[PDB]
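Participant: See work22.cif below, with mmCIF, C-alpha atoms.
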data_work
loop_
_atom_site.label_atom_id
_atom_site.label_comp_id
_atom_site.auth_asym_id
_atom_site.auth_seq_id
_atom_site.Cartn_x
_atom_site.Cartn_y
_atom_site.Cartn_z
CA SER Y 1 94.21 114.68 187.11
CA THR Y 2 90.67 114.83 188.40
CA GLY Y 3 88.31 117.32 190.01
CA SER Y 4 85.22 116.98 192.19
CA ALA Y 5 82.92 119.81 193.25
CA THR Y 6 79.60 119.96 195.01
CA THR Y 7 76.73 121.63 193.16
CA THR Y 8 73.90 123.17 195.19
CA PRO Y 9 70.36 124.22 194.19
CA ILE Y 10 69.87 128.01 194.25
CA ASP Y 11 66.39 127.80 195.74
CA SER Y 12 63.72 125.47 197.06
CA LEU Y 13 62.53 124.58 193.54
CA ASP Y 14 65.91 123.55 192.09
CA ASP Y 15 65.59 126.33 189.50
CA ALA Y 16 69.33 126.04 188.86
CA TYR Y 17 72.47 124.73 190.54
CA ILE Y 18 75.63 126.63 191.53
CA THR Y 19 79.12 125.23 191.85
CA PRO Y 20 82.05 127.11 193.42
CA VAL Y 21 84.86 127.98 191.01
CA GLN Y 22 88.24 129.48 191.87
CA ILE Y 23 89.41 132.16 189.42
CA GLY Y 24 92.71 134.00 189.51
CA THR Y 25 95.59 134.44 191.93
CA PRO Y 26 94.91 134.74 194.79
CA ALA Y 27 91.75 132.76 194.19
CA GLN Y 28 88.46 134.58 193.76
CA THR Y 29 85.65 132.10 194.36
CA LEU Y 30 82.51 132.63 192.31
CA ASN Y 31 79.42 130.42 192.24
CA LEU Y 32 78.79 129.48 188.64
CA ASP Y 33 75.93 127.76 186.83
CA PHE Y 34 77.48 124.78 185.02
CA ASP Y 35 75.69 124.63 181.68
CA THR Y 36 76.07 121.65 179.33
CA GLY Y 37 73.93 123.58 176.83
CA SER Y 38 76.37 126.44 176.22
CA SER Y 39 80.09 126.98 175.82
CA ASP Y 40 81.08 130.29 177.41
CA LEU Y 41 82.57 130.73 180.88
CA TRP Y 42 81.42 134.23 181.82
CA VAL Y 43 81.31 136.08 185.12
CA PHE Y 44 79.96 139.14 186.81
CA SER Y 45 82.97 141.39 187.20
CA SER Y 46 84.36 144.75 188.17
CA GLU Y 47 83.52 145.75 184.58
CA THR Y 48 79.80 144.94 184.86
CA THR Y 49 77.53 147.99 184.60
CA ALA Y 50 76.95 148.93 188.25
CA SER Y 51 73.14 149.12 188.00
CA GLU Y 52 73.11 145.55 186.64
CA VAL Y 53 74.87 144.07 189.68
CA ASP Y 54 72.63 143.23 192.65
CA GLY Y 55 74.30 140.97 195.19
CA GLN Y 56 76.48 138.82 192.94
CA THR Y 57 80.12 138.16 193.73
CA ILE Y 58 82.32 139.75 191.08
CA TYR Y 59 85.61 138.79 189.49
CA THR Y 60 88.12 141.66 189.61
CA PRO Y 61 90.87 140.86 187.12
CA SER Y 62 93.09 143.74 188.29
CA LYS Y 63 93.43 141.89 191.62
CA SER Y 64 94.60 138.68 189.96
CA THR Y 65 98.32 138.41 189.23
CA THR Y 66 97.66 135.74 186.60
CA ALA Y 67 94.93 137.62 184.69
CA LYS Y 68 95.76 138.89 181.22
CA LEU Y 69 93.47 140.81 178.90
CA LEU Y 70 92.85 138.83 175.72
CA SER Y 71 93.39 141.76 173.44
CA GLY Y 72 90.59 142.58 171.04
CA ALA Y 73 88.35 139.73 172.15
CA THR Y 74 84.67 140.28 172.84
CA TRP Y 75 81.72 138.00 173.50
CA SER Y 76 77.96 138.18 173.38
CA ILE Y 77 75.49 135.42 174.07
CA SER Y 78 71.73 134.98 174.04
CA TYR Y 79 70.15 132.01 175.80
CA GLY Y 80 67.02 130.02 175.07
CA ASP Y 81 65.10 131.73 177.86
CA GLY Y 82 65.70 135.15 176.29
CA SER Y 83 68.43 136.23 178.70
CA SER Y 84 71.77 137.58 177.49
CA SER Y 85 75.15 138.98 178.46
CA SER Y 86 78.23 140.38 176.77
CA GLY Y 87 81.66 141.84 177.43
CA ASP Y 88 85.38 141.36 176.98
CA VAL Y 89 87.79 138.53 177.83
CA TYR Y 90 90.67 137.69 180.12
CA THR Y 91 92.71 134.56 180.43
CA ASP Y 92 93.36 133.37 183.96
CA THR Y 93 93.79 130.28 186.11
CA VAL Y 94 90.52 128.50 186.84
CA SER Y 95 90.06 125.61 189.24
CA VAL Y 96 87.04 123.41 189.84
CA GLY Y 97 87.07 120.96 192.72
CA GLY Y 98 90.86 120.73 192.71
CA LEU Y 99 91.27 120.52 188.91
CA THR Y 100 93.23 123.49 187.53
CA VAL Y 101 93.34 124.94 184.02
CA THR Y 102 95.81 127.70 183.24
CA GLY Y 103 95.07 130.14 180.44
CA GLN Y 104 91.31 129.62 180.58
CA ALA Y 105 89.23 132.26 178.80
CA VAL Y 106 87.23 134.06 181.47
CA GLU Y 107 84.61 136.22 179.79
CA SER Y 108 84.01 139.36 181.83
CA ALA Y 109 80.50 140.78 181.61
CA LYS Y 110 80.09 144.44 180.80
CA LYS Y 111 76.33 143.97 180.39
CA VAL Y 112 73.86 141.38 181.64
CA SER Y 113 70.10 141.16 181.09
CA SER Y 114 67.59 141.69 183.85
CA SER Y 115 67.09 138.03 184.75
CA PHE Y 116 70.80 137.72 185.57
CA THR Y 117 70.77 140.90 187.66
CA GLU Y 118 67.69 139.70 189.51
CA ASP Y 119 69.32 136.40 190.49
CA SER Y 120 71.80 137.27 193.21
CA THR Y 121 72.86 133.63 193.65
CA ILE Y 122 74.43 133.09 190.19
CA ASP Y 123 77.76 134.81 189.62
CA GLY Y 124 78.10 133.58 186.04
CA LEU Y 125 78.00 130.49 183.82
CA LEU Y 126 80.52 127.76 183.05
CA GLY Y 127 79.70 126.26 179.67
CA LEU Y 128 80.23 122.54 179.09
CA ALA Y 129 78.79 122.07 175.58
CA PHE Y 130 81.19 121.80 172.63
CA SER Y 131 83.63 124.63 172.04
CA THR Y 132 82.22 125.19 168.54
CA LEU Y 133 79.41 127.16 170.27
CA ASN Y 134 81.77 129.52 172.13
CA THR Y 135 80.90 133.12 171.26
CA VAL Y 136 84.29 134.82 171.67
CA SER Y 137 85.27 136.85 168.62
CA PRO Y 138 87.45 137.08 166.61
CA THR Y 139 89.20 134.02 168.09
CA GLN Y 140 86.85 131.37 169.47
CA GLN Y 141 87.86 130.02 172.87
CA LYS Y 142 87.76 126.57 174.45
CA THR Y 143 85.61 125.44 177.35
CA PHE Y 144 87.06 124.53 180.70
CA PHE Y 145 86.46 120.84 179.92
CA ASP Y 146 88.10 121.09 176.50
CA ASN Y 147 91.17 122.71 178.08
CA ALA Y 148 91.35 120.17 180.91
CA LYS Y 149 90.65 117.08 178.82
CA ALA Y 150 94.18 116.04 177.90
CA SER Y 151 95.27 116.18 181.55
CA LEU Y 152 92.30 114.22 182.90
CA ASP Y 153 92.66 110.57 183.90
CA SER Y 154 89.73 109.86 181.55
CA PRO Y 155 88.23 112.43 179.13
CA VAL Y 156 84.86 112.63 180.90
CA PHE Y 157 82.82 114.66 183.31
CA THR Y 158 79.76 113.55 185.23
CA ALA Y 159 76.66 115.35 186.47
CA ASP Y 160 74.94 114.04 189.58
CA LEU Y 161 72.29 116.64 190.36
CA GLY Y 162 70.25 116.37 193.54
CA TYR Y 163 66.53 116.70 194.05
CA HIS Y 164 66.11 119.47 196.62
CA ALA Y 165 69.65 118.57 197.76
CA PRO Y 166 73.28 119.07 196.79
CA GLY Y 167 74.97 116.91 194.18
CA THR Y 168 78.29 116.61 192.40
CA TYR Y 169 80.18 117.44 189.23
CA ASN Y 170 83.23 115.22 188.72
CA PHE Y 171 85.93 115.66 186.09
CA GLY Y 172 88.17 112.88 184.85
CA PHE Y 173 86.69 109.84 186.59
CA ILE Y 174 83.47 107.91 187.05
CA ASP Y 175 82.50 107.43 190.72
CA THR Y 176 81.20 103.86 190.67
CA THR Y 177 79.64 104.37 194.12
CA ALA Y 178 77.40 107.19 192.89
CA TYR Y 179 74.89 105.14 190.89
CA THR Y 180 73.03 101.84 190.98
CA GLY Y 181 73.11 99.16 188.31
CA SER Y 182 74.99 99.83 185.09
CA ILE Y 183 75.58 102.93 182.98
CA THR Y 184 73.90 102.75 179.56
CA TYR Y 185 75.79 104.65 176.88
CA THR Y 186 74.13 106.19 173.86
CA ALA Y 187 75.34 107.99 170.73
CA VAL Y 188 75.88 111.74 170.58
CA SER Y 189 75.69 114.10 167.63
CA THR Y 190 77.87 117.17 167.99
CA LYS Y 191 76.55 118.71 164.76
CA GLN Y 192 74.69 121.49 166.61
CA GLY Y 193 77.39 121.84 169.30
CA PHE Y 194 75.26 120.19 171.98
CA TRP Y 195 75.25 116.89 173.84
CA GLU Y 196 72.52 115.75 171.47
CA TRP Y 197 71.19 112.22 171.71
CA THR Y 198 68.07 110.16 170.95
CA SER Y 199 65.87 108.76 173.68
CA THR Y 200 64.14 105.50 172.82
CA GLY Y 201 60.75 106.46 174.25
CA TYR Y 202 58.72 107.17 177.35
CA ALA Y 203 56.10 106.03 179.82
CA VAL Y 204 53.70 107.97 182.02
CA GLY Y 205 53.29 106.65 185.56
CA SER Y 206 52.70 102.91 185.57
CA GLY Y 207 51.64 103.01 181.92
CA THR Y 208 53.12 101.02 179.07
CA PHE Y 209 56.33 102.19 177.49
CA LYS Y 210 55.96 103.88 174.11
CA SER Y 211 58.88 103.15 171.81
CA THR Y 212 59.58 106.30 169.85
CA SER Y 213 62.74 108.20 169.00
CA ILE Y 214 63.06 111.57 170.74
CA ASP Y 215 66.07 113.63 169.71
CA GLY Y 216 67.12 116.14 172.32
CA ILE Y 217 69.94 117.67 174.33
CA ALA Y 218 71.29 116.96 177.79
CA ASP Y 219 71.25 120.47 179.25
CA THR Y 220 72.13 121.09 182.87
CA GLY Y 221 71.50 124.81 182.37
CA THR Y 222 67.80 124.34 181.60
CA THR Y 223 65.50 123.79 184.57
CA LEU Y 224 62.67 121.80 182.99
CA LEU Y 225 62.07 118.89 180.65
CA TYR Y 226 60.89 120.07 177.22
CA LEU Y 227 59.44 117.37 174.96
CA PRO Y 228 57.15 117.08 171.93
CA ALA Y 229 53.59 118.31 172.41
CA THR Y 230 52.21 114.79 171.90
CA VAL Y 231 54.33 113.40 174.77
CA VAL Y 232 53.58 116.33 177.07
CA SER Y 233 49.83 116.10 176.41
CA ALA Y 234 49.93 112.39 177.22
CA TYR Y 235 51.63 113.15 180.54
CA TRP Y 236 49.34 115.95 181.71
CA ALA Y 237 46.21 114.06 180.63
CA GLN Y 238 46.93 111.82 183.64
CA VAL Y 239 46.64 114.76 186.09
CA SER Y 240 43.09 115.82 186.92
CA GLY Y 241 42.59 119.50 186.20
CA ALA Y 242 45.90 120.02 184.41
CA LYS Y 243 45.82 122.31 181.41
CA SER Y 244 47.99 124.40 179.19
CA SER Y 245 47.70 128.08 180.04
CA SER Y 246 48.86 130.59 177.43
CA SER Y 247 48.69 133.36 180.05
CA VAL Y 248 51.00 131.50 182.44
CA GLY Y 249 53.19 130.11 179.65
CA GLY Y 250 52.72 126.37 179.89
CA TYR Y 251 51.04 123.50 181.66
CA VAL Y 252 49.71 124.15 185.13
CA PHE Y 253 48.04 121.74 187.50
CA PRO Y 254 46.15 121.85 190.81
CA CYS Y 255 48.63 122.10 193.66
CA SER Y 256 46.53 119.41 195.43
CA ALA Y 257 47.48 116.84 192.77
CA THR Y 258 49.73 113.84 193.19
CA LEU Y 259 51.85 113.79 190.03
CA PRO Y 260 52.68 110.56 188.18
CA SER Y 261 56.25 109.63 187.38
CA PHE Y 262 57.70 109.99 183.90
CA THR Y 263 60.07 107.42 182.40
CA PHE Y 264 62.43 108.04 179.50
CA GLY Y 265 64.39 105.47 177.53
CA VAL Y 266 68.14 105.31 177.12
CA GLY Y 267 68.69 102.43 174.72
CA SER Y 268 67.04 99.45 176.40
CA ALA Y 269 67.41 101.10 179.82
CA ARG Y 270 64.87 103.29 181.60
CA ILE Y 271 65.26 106.38 183.81
CA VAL Y 272 62.32 107.13 186.10
CA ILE Y 273 61.61 110.72 187.07
CA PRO Y 274 59.49 110.67 190.25
CA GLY Y 275 56.30 112.72 190.17
CA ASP Y 276 57.54 115.10 192.85
CA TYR Y 277 60.40 116.18 190.57
CA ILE Y 278 57.81 117.55 188.14
CA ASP Y 279 56.26 119.97 190.69
CA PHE Y 280 57.52 123.56 190.36
CA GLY Y 281 55.12 124.98 192.87
CA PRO Y 282 52.61 127.82 192.84
CA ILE Y 283 52.62 130.01 189.75
CA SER Y 284 52.62 133.03 192.08
CA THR Y 285 52.88 133.23 195.85
CA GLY Y 286 49.78 131.77 197.48
CA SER Y 287 48.25 130.39 194.29
CA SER Y 288 46.69 126.93 194.20
CA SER Y 289 47.76 126.59 190.55
CA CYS Y 290 51.16 124.93 190.26
CA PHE Y 291 53.62 125.03 187.38
CA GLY Y 292 54.58 121.80 185.63
CA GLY Y 293 58.09 120.51 185.19
CA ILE Y 294 57.37 118.85 181.85
CA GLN Y 295 56.54 121.36 179.11
CA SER Y 296 56.18 121.41 175.34
CA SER Y 297 59.22 122.02 173.17
CA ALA Y 298 57.02 123.14 170.30
CA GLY Y 299 58.47 126.39 169.02
CA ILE Y 300 61.78 125.91 170.87
CA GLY Y 301 62.92 123.89 167.90
CA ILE Y 302 64.66 121.28 170.02
CA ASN Y 303 63.79 118.89 172.83
CA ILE Y 304 65.65 119.57 176.07
CA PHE Y 305 66.49 117.05 178.77
CA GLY Y 306 67.01 119.66 181.45
CA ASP Y 307 67.47 119.34 185.19
CA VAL Y 308 64.10 117.66 185.80
CA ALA Y 309 65.30 114.70 183.73
CA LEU Y 310 69.00 114.80 184.49
CA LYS Y 311 68.64 114.93 188.27
CA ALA Y 312 66.90 111.52 188.11
CA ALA Y 313 70.16 110.03 186.78
CA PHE Y 314 73.90 109.81 187.07
CA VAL Y 315 75.00 111.27 183.74
CA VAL Y 316 78.33 110.71 182.01
CA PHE Y 317 79.46 113.26 179.45
CA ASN Y 318 82.10 111.25 177.61
CA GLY Y 319 84.40 113.55 175.64
CA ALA Y 320 86.41 110.84 173.95
CA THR Y 321 87.24 111.25 170.25
CA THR Y 322 83.73 110.04 169.49
CA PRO Y 323 81.66 111.54 172.31
CA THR Y 324 78.85 109.57 173.97
CA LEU Y 325 76.44 110.05 176.87
CA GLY Y 326 75.88 107.59 179.69
CA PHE Y 327 72.90 107.36 182.04
CA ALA Y 328 72.50 105.31 185.19
CA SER Y 329 69.80 105.18 187.82
CA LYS Y 330 70.88 106.25 191.32
#
Starting from the file, give its structure as structure tokens.

Facilitator:
Amino acid sequence: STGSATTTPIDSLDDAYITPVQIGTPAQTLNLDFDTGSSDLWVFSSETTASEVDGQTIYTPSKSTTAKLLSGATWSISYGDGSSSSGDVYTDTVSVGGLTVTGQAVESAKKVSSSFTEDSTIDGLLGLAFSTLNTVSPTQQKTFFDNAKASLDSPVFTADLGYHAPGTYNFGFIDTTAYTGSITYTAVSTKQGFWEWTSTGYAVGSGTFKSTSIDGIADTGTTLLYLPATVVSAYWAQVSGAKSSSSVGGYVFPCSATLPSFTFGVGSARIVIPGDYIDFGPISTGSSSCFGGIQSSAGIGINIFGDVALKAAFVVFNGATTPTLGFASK
């Protein structure tokens, strides 16, 4: 089997991407944030505290003939950005782009933090990291990908995120028309439960490539590119007037600037992030200070190849017995 679904930015900045997901019988379609940095599939639901729902579409398990309460199971998750959610668990039929999993754990939110409430466009998350990170207790549950894997034509999914445009998540096949050149594969460590890999270095604009190992995670659920302070300083030093602002919470730059590209290494291959991808617009409405898309990972504890980086590539998440990651230009 295979699946193919379009993923769409939630706003003009590509702050996140939503992908329609069919849950239950008859289908209830919710728009979920596919997150290769976490491993829970959770949804706004009929159980979510009323005051914490503001415009989201909810899953109502009582209206699904295939829903079953997973007795005694609870979940609770905290994300890198400080947001969180928790609740109980159903199993139900879940389909993405024509690919169907029966008996998928669907984690129903009883509580969500303010940032989830305040984002009316995201109806929940669909985790695509390794199932070892799944938070369901007392019996850990499998991700949608883990459940689908055996049935897939090939044990892979791909992320093809658009810049200010829709893109695609495919399951079970590699669309050879979706990228240019060849796909360069690189080793993955699953020791922390992430799609963790080591970039071979970077360049800023038309500058020379610096060969240096940068360990980090491929994380579709993180907006920006978070890298070591040395790398980030080298980038922003090429933008007149750019500076790190503790009050704003990172590097800002004059909105009048033309940003240089940023290149990262994948083995001997190179992925180029155009400068425009690094512009996250005014810090507040009407400001001439703009927020940067490359930020320091210092104090996160991990480097994160988030959407800014991933949307510059066609990315293969290869879930074979020994997982690997592939990157192609597009």

Participant: Give the answer as one residue: which of Y:102, Y:211, Y:114, Y:186 has the shortest atom-to-atom distance to residue 24 in chain Y, using only C-alpha atoms?

Facilitator: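 Selected residue with least distance to residue 24 in chain Y: Y:102.
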
Participant: Quick one, how far is CA of residue 313 in chain Y from CA of residue 327 in chain Y?

Facilitator: 6.1 Å

Participant: List every residue of range 83-151 of chain Y that has an atom at most 6 Å from any atom of range 32-40 of chain Y, and for each one report the closest atom pair and its distance in Å to one decimal, counting all atoms listed in the file, with rows sorted by chain and then by increasing residue number, as CSV.

Facilitator:
residue,atom,partner,partner_atom,distance
Y:122,CA,Y:32,CA,5.9
Y:123,CA,Y:32,CA,5.5
Y:124,CA,Y:32,CA,4.9
Y:125,CA,Y:33,CA,4.6
Y:126,CA,Y:34,CA,4.7
Y:127,CA,Y:39,CA,3.9
Y:128,CA,Y:36,CA,4.3
Y:129,CA,Y:36,CA,4.7
Y:131,CA,Y:39,CA,5.7
Y:133,CA,Y:39,CA,5.6
Y:134,CA,Y:39,CA,4.8
Y:143,CA,Y:39,CA,5.9

Participant: Write a file of the just-selected residues containing C-alpha atoms, as a compact mmCIF listing (two decimals), in the coordinates of the input.

Facilitator:
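Writing the result to out-v6.txt gives the following:
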# COMPACT_ATOMS: atom_id res chain seq x y z
CA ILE Y 122 74.43 133.09 190.19
CA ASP Y 123 77.76 134.81 189.62
CA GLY Y 124 78.10 133.58 186.04
CA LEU Y 125 78.00 130.49 183.82
CA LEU Y 126 80.52 127.76 183.05
CA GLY Y 127 79.70 126.26 179.67
CA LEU Y 128 80.23 122.54 179.09
CA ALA Y 129 78.79 122.07 175.58
CA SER Y 131 83.63 124.63 172.04
CA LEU Y 133 79.41 127.16 170.27
CA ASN Y 134 81.77 129.52 172.13
CA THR Y 143 85.61 125.44 177.35

Participant: Considering only C-alpha atoms, state which residue in the set Y:174, Y:30, Y:89, Y:227 is at the smallest distance from residue 71 in chain Y.

Facilitator: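 Ranking Y:174, Y:30, Y:89, Y:227 by distance to residue 71 in chain Y, first place goes to Y:89.
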
Participant: Given the file shown, enumerate the residues that the PyMOL selection byres ((chain Y and resi 180) around 6) captures and present them as a PyMOL selection string.

Facilitator: chain Y and resi 179+181+329-330

Participant: Report as an mmCIF file with C-alpha atoms, keeping the file's coordinate frame the residues that result from applying the PyMOL selection byres ((chain Y and resi 106-111) around 10) to the structure here.

Facilitator:
data_model
loop_
_atom_site.group_PDB
_atom_site.id
_atom_site.type_symbol
_atom_site.label_atom_id
_atom_site.label_comp_id
_atom_site.auth_asym_id
_atom_site.auth_seq_id
_atom_site.Cartn_x
_atom_site.Cartn_y
_atom_site.Cartn_z
ATOM 1 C CA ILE Y 23 89.410 132.160 189.420
ATOM 2 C CA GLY Y 24 92.710 134.000 189.510
ATOM 3 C CA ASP Y 40 81.080 130.290 177.410
ATOM 4 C CA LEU Y 41 82.570 130.730 180.880
ATOM 5 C CA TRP Y 42 81.420 134.230 181.820
ATOM 6 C CA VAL Y 43 81.310 136.080 185.120
ATOM 7 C CA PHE Y 44 79.960 139.140 186.810
ATOM 8 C CA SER Y 45 82.970 141.390 187.200
ATOM 9 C CA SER Y 46 84.360 144.750 188.170
ATOM 10 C CA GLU Y 47 83.520 145.750 184.580
ATOM 11 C CA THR Y 48 79.800 144.940 184.860
ATOM 12 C CA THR Y 49 77.530 147.990 184.600
ATOM 13 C CA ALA Y 50 76.950 148.930 188.250
ATOM 14 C CA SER Y 51 73.140 149.120 188.000
ATOM 15 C CA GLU Y 52 73.110 145.550 186.640
ATOM 16 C CA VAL Y 53 74.870 144.070 189.680
ATOM 17 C CA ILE Y 58 82.320 139.750 191.080
ATOM 18 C CA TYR Y 59 85.610 138.790 189.490
ATOM 19 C CA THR Y 60 88.120 141.660 189.610
ATOM 20 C CA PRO Y 61 90.870 140.860 187.120
ATOM 21 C CA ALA Y 67 94.930 137.620 184.690
ATOM 22 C CA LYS Y 68 95.760 138.890 181.220
ATOM 23 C CA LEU Y 69 93.470 140.810 178.900
ATOM 24 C CA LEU Y 70 92.850 138.830 175.720
ATOM 25 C CA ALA Y 73 88.350 139.730 172.150
ATOM 26 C CA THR Y 74 84.670 140.280 172.840
ATOM 27 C CA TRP Y 75 81.720 138.000 173.500
ATOM 28 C CA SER Y 76 77.960 138.180 173.380
ATOM 29 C CA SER Y 84 71.770 137.580 177.490
ATOM 30 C CA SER Y 85 75.150 138.980 178.460
ATOM 31 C CA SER Y 86 78.230 140.380 176.770
ATOM 32 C CA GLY Y 87 81.660 141.840 177.430
ATOM 33 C CA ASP Y 88 85.380 141.360 176.980
ATOM 34 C CA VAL Y 89 87.790 138.530 177.830
ATOM 35 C CA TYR Y 90 90.670 137.690 180.120
ATOM 36 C CA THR Y 91 92.710 134.560 180.430
ATOM 37 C CA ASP Y 92 93.360 133.370 183.960
ATOM 38 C CA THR Y 93 93.790 130.280 186.110
ATOM 39 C CA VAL Y 94 90.520 128.500 186.840
ATOM 40 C CA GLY Y 103 95.070 130.140 180.440
ATOM 41 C CA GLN Y 104 91.310 129.620 180.580
ATOM 42 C CA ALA Y 105 89.230 132.260 178.800
ATOM 43 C CA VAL Y 112 73.860 141.380 181.640
ATOM 44 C CA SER Y 113 70.100 141.160 181.090
ATOM 45 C CA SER Y 114 67.590 141.690 183.850
ATOM 46 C CA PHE Y 116 70.800 137.720 185.570
ATOM 47 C CA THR Y 117 70.770 140.900 187.660
ATOM 48 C CA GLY Y 124 78.100 133.580 186.040
ATOM 49 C CA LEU Y 125 78.000 130.490 183.820
ATOM 50 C CA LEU Y 126 80.520 127.760 183.050
ATOM 51 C CA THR Y 135 80.900 133.120 171.260
ATOM 52 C CA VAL Y 136 84.290 134.820 171.670
ATOM 53 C CA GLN Y 141 87.860 130.020 172.870
ATOM 54 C CA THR Y 143 85.610 125.440 177.350
ATOM 55 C CA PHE Y 144 87.060 124.530 180.700
#

Participant: Hey, what's within 6 Å of residue 158 in chain Y if we count only C-alpha atoms and toss same-chain stuff fewer than 5 positions away? As a VMD selection string, please?

Facilitator: chain Y and resid 169 to 170 315 to 317

Participant: Just to confirm, what's the straight-line distance from CA of residue 1 in chain Y to CA of residue 152 in chain Y in Å (one decimal)?

Facilitator: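 If I compute the distance from CA of residue 1 in chain Y to CA of residue 152 in chain Y, I get 4.6 Å.
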
Participant: What gap, in Å, lies between CA of residue 80 in chain Y and CA of residue 300 in chain Y?

Facilitator: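 CA of residue 80 in chain Y sits 7.9 Å away from CA of residue 300 in chain Y.
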
Participant: Show me the residues close to (84.7, 129.6, 193.2) - anything with an atom within 6 Å, counting all atoms listed in the file - and format the list as a list in words.

Facilitator: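 So the residues meeting the distance criterion are residues 20, 21, 22, 29, 30 and 31 of chain Y.
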
Participant: Select, from Y:319, Y:82, Y:3, Y:292, the residue with the minimum atom-to-atom distance to residue 101 in chain Y, counting all atoms listed in the file.

Facilitator: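 Going through Y:319, Y:82, Y:3, Y:292 one by one, the smallest distance to residue 101 in chain Y is for Y:3.
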
Participant: Can you tell me which residues surround residue 325 in chain Y at a distance of at most 12 Å, considering all atoms listed in the file, apart from same-chain residues fewer than 2 positions away, and format the answer as a PyMOL selection string?

Facilitator: chain Y and resi 36+156-159+183-190+194-199+217-219+266-267+310+313-320+322-323+327-328

Participant: Please enumerate the residues selected by the PyMOL selection byres ((chain Y and resi 225) around 7) when evaluated against the supplied file, formatted as a PyMOL selection string.

Facilitator: chain Y and resi 224+226-227+293-295+304-306+308-309

Participant: Rank nothing, just name the residue among Y:213, Y:151, Y:95, Y:2 nearest to residue 172 in chain Y, using all atoms listed in the file.

Facilitator: Y:2

Participant: Which residue out of Y:154, Y:56, Y:200, Y:256 has the minimum interatomic distance to residue 241 in chain Y when all atoms listed in the file are used?

Facilitator: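 Ranked by minimum distance to residue 241 in chain Y, first place goes to Y:256.
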